[PDB]
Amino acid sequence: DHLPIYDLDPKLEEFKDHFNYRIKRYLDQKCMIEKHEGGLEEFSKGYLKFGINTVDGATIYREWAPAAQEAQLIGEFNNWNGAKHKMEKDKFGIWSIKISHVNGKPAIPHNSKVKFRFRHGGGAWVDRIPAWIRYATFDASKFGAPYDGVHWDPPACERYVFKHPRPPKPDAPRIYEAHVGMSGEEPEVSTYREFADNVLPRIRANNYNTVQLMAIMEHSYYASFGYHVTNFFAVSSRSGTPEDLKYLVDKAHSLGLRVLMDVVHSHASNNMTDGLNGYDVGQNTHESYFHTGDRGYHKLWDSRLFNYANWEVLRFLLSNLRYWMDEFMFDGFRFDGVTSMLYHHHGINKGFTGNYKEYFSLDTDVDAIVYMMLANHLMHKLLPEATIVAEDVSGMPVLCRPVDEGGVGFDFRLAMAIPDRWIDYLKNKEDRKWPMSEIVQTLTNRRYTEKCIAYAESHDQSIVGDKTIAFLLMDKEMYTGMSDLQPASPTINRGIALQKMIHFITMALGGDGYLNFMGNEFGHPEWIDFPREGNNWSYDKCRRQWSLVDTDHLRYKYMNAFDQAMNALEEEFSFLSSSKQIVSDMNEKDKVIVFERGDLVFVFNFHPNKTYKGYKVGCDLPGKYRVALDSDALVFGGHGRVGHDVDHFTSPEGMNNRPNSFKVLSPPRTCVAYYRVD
């Protein structure tokens, strides 16, 4: 009847009807799950019943295949002959078999290959990888690099034991988005252990508190960046085994880092031999993971789309969430492609002006929203400290409100509008024509009842035609002009300064959390290019040149040190988790932005050349102000013009204006945060 979200946003009651239906569809589905499955928590334990599971004296294999008329389990254990391992179908379309132990040992050995062999209506037999397989390996020797499902039940001598607890939820997420495969300096696919031993310390040393782990779910197409999942329960085998990933998560927890995983429940790869799409043999949507016809196909991604209303699809996805959380001790997730799930048009060729009828209509996908609400309720009841992030460009209201208020249940939203604004400024505007108004409004125009994670550039700003901000600033000059033993050219000084500036203002003004993609913290040059036919499958641009930031006589160390000190500043002052956000000056003629966040006063000089001596900045309490972070510091690649022990005494006003003010030196292209001395 009445939802609490209506009190947060009166404009929502106009669409009560919509929400009514939506909430009804939620409460019914949950109710059904509680009546016939024992509740969401038990429903999400489906990976203990489906797939291959060892019990006392036998092994149970279950697989949902309504379209099959006959089915058997084949593998190395029966030399790919399922004659003595025929499965039986029930009224729900589920095939099952119990296989007794052989000489006291399980019938299917650990680390052996298995396949689900079934005959469909036409009369032909096909072999597929089990949908709930937990490991799948490819053989690059054979043509196709075809995958094989692998039964993963390691003995205690090689099963990883988690030794460290989950860290507490931070006051604000400082997220290091990473991809294990391209995390090494060698032009190859790196391993989970190499990432845990080499990269995680870099993340902790730069004072991040969260890692966003991409490309964990298995995907046969490496260049998909993990977005085209084939085996949803399998840890991507190109970087190691599931135990290696468990070791990665445990090591991150030992360093005090929280780990989120990329969850791709928005679509599925079209790969029929290796992936889930192989269970589509033409059956109707009520016997399939996916919709049929147009609704079952994503035109932009060339992918299959789930039928979120199906009982078995709900079991599949909710159990996938519980599987990742429980078996790998993840601290939360980022749901990718949420915009495509929210609307029947998937936002493919549609811009969202903000008109509420574009959010709440019959273009709204109620099945997917019901699934996401069930998912968020389940995940927050399993782990109240979990952080669930939604990757959504539309800005759907109440998307990040709890389920019990009428919301979708996400904790944070990705603030996906800032990067393109920065790109436009860098590409088509001269430095003296940059609008401070548009920058401030882009950083601050958001729904303040819902939390958001700001970032100047993510992984997508490194791929498919996008360059890093550092490269957009300096380009080929980075190849030759980044040595610390020679004076930096004007271009290099400009680029380093503006990179620090863009990152810092996006963090301090753009939301309630920060995200940075692996390598951009030190201005990694160029772009990311995956191995493909066009480059003869080169890994040259599918890696991270840690050499550049580690070398003392180069200048990347400056951007890295500024990133580290900026994260440490956020840790000490907690300005990302403070609602006090006052922009007290926006000098468009002088290109200066003065604002207040937390207990800090931020002065940004975006002017190309002019220094402002004795610039007056507003502040609340009178007293003694000093530099907390200054981008012109020599250790950050500046010229050291500001000076850190200088006392900025306040003077009351009258001898956006504030009670008191103090005067600062503001060199061009600089950012200084000031704190009040106790």
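The first residue of the sequence shown is number 1, and the count goes up from there.
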Inset, instruction - Would you mind checking whether any residues of the deposited sequence sit unmodelled between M655 and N656, and how many (none, 1 to 3, 4 to 9, 10 or more)? - result: 4 to 9
Legend entry - Comparing 625 to 633 with 642 to 650, the one whose average Cα B-factor in the PDB entry is higher: 642 to 650
Legend entry - Stretch exceeding the other in mean C-alpha B-factor - 463 to 471, 495 to 503: 463 to 471
Legend entry - From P187, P109, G275, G144, residue of greatest CA B-factor: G144
Inset, instruction - Could you say which of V440, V199, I74, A565 has its CA atom at the highest B factor, as listed in the PDB entry? - result: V440
Inset, instruction - Would you check the entry's CA temperature factor for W546 and let me know if it's in the chain's lowest, middle or highest third? - result: middle
Inset, instruction - Please place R62 in the lowest, middle or highest third of its chain by C-alpha B factor as given in the entry. - result: lowest
Legend entry - Chain-relative CA temperature factor third for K49: lowest
Legend entry - Third of the chain's Cα B-factor distribution that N81 belongs to, per the entry: middle
Legend entry - For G354, the third of its chain into which the C-alpha B factor falls: highest
